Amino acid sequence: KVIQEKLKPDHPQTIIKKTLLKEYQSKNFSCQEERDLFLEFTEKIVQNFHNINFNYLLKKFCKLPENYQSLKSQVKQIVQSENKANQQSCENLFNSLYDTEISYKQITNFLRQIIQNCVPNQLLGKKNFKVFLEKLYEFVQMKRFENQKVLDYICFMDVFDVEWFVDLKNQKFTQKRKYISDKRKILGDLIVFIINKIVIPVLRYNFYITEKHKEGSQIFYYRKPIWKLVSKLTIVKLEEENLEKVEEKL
């Protein structure tokens, strides 16, 4: 399975419930019993996301800029309100709003906390789970057109670290390589599930993800309140192009 690319959003709990309702997360389970054990974890994941405190964690790990209120006030006096245009003020504002991006270290700390709090570590196995968390920094900093491969995760993991797999073929204790080949397929699907159905929804719900330049350049993360300001300014600037380019051209 392919890891999806990072580039109003639904709460992760809504997205997770919907994928469990409408989709299957692996074609590689050996039997219904093994599938059911996976589904046990998914029910806990749903409950955890119902109870998680994103805003507290955002305040802790990815705080709004100390100048947020000033930036908010400045944007408000452009939108509400004037009659005429001032592009210099917007050049001063836009650039200052673009300067409020959240560091990758901060994003990764936030993300790792959410995954630790919400994804039971026995889903991947305790040691495998730590490997997964370690790889999230790379995920967070990846530019457009860049991607991780499932092999990037699972090559450093061990199927024998997973406690809940069902060895239907009775190969675990005597035929290691066959067991490993089979169960790596599931482990890989678990990696994809967490990234595509948990990590990406968490990032999209909590941040505006963009590039500072054009496509493929450095990834930038903004707090949603910051981007709501950026949105407000482009609306006014767009409505300026609906008056200056129309009324004067008549």
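All residue numbers are counted from 1 along the displayed sequence.
Enquirer: Relative to the deposited sequence, how many residues with no modelled coordinates occur between residue 7 and residue 8 (none, 1 to 3, 4 to 9, 10 or more)?
Expert: Missing in between: 10 or more residues.
Enquirer: Identify the stretch, either 213-221 or 29-37, whose C-alpha atoms have the larger mean B-factor according to the entry.
Expert: Higher mean C-alpha B-factor in the PDB entry: 213-221.
Enquirer: Of the two stretches 198-206 and 66-74, which shows the higher Cα B-factor on average in the entry?
Expert: On average, C-alpha B-factors are higher across 66-74.
Enquirer: With respect to the C-alpha temperature factors reported in the PDB entry, which of 117, 108, 86, 175 ranks highest?
Expert: Top of the list by C-alpha B-factor: 86.
Enquirer: Highest Cα temperature factor in the entry, among the options 170, 141, 92, 147: which one is it?
Expert: Out of 170, 141, 92, 147, the record gives the largest C-alpha B-factor to 92.
Enquirer: Splitting the chain's C-alpha B-factors into thirds, which one does residue 17 fall into?
Expert: Within its chain, residue 17 is a lowest-third residue by C-alpha B-factor, going by the deposited values.
Enquirer: Sorting the chain's modelled residues by C-alpha B-factor, tell me whether residue 136 ends up in the lowest, middle or highest third.
Expert: Lowest third.
Enquirer: Hey, what third does residue 153 fall into on Cα B-factor, ranked over its chain?
Expert: It belongs to the middle third of the chain when residues are ordered by C-alpha B-factor.
Enquirer: Lowest, middle or highest third: where is residue 102 by Cα B-factor in its chain?
Expert: Answer is middle: the recorded C-alpha B-factor places it there.
Enquirer: Name the third of the chain's ranked CA B-factors that contains residue 122, choosing lowest, middle or highest.
Expert: According to the entry, residue 122 has a C-alpha B-factor in the chain's lowest third.
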